[PDB]
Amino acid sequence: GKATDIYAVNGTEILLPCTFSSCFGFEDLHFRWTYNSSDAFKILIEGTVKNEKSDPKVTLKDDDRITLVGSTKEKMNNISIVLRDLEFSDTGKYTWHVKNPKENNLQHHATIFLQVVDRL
């Protein structure tokens, strides 16, 4: 499984982009972010979004350090998250998942490997 490396200073915040894009198919999407480390798995946030500019309906959220970005810009969509107040324990793989459940397609997903580093 391919993963993009991203780095962030301890105690700061990181924007984790969801880059799913669709001209005419960004409609009533189900989404989920997950976290994986060696022997850890968590669902971080889950919900639905009506379109590219609507208020996402969040049905599950593991931690208030996570917020949705609240905007779109180029390839970063409204499903992207910001994780604040970073701790070394936050290092690990963060995966977004998007699906239109009325369609037959496989889910779309990509993984970011976040590494938290020492403050200077």
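Sequential numbering from 1, following the sequence displayed.
When 97-105 is weighed against 19-27, 97-105 comes out higher, by mean CA B-factor as recorded in the entry. The PDB entry records a higher mean C-alpha B factor for 1-9 than for its counterpart among 1-9 and 109-117. Per the PDB record, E74 has a higher Cα B-factor than any other of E52, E74, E46, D90. In this PDB entry, the Cα temperature factor of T34 sits in the bottom third of its chain's modelled residues, the lowest group. Ranked by C-alpha B-factor against the other modelled residues of its chain, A40 falls in the highest third.
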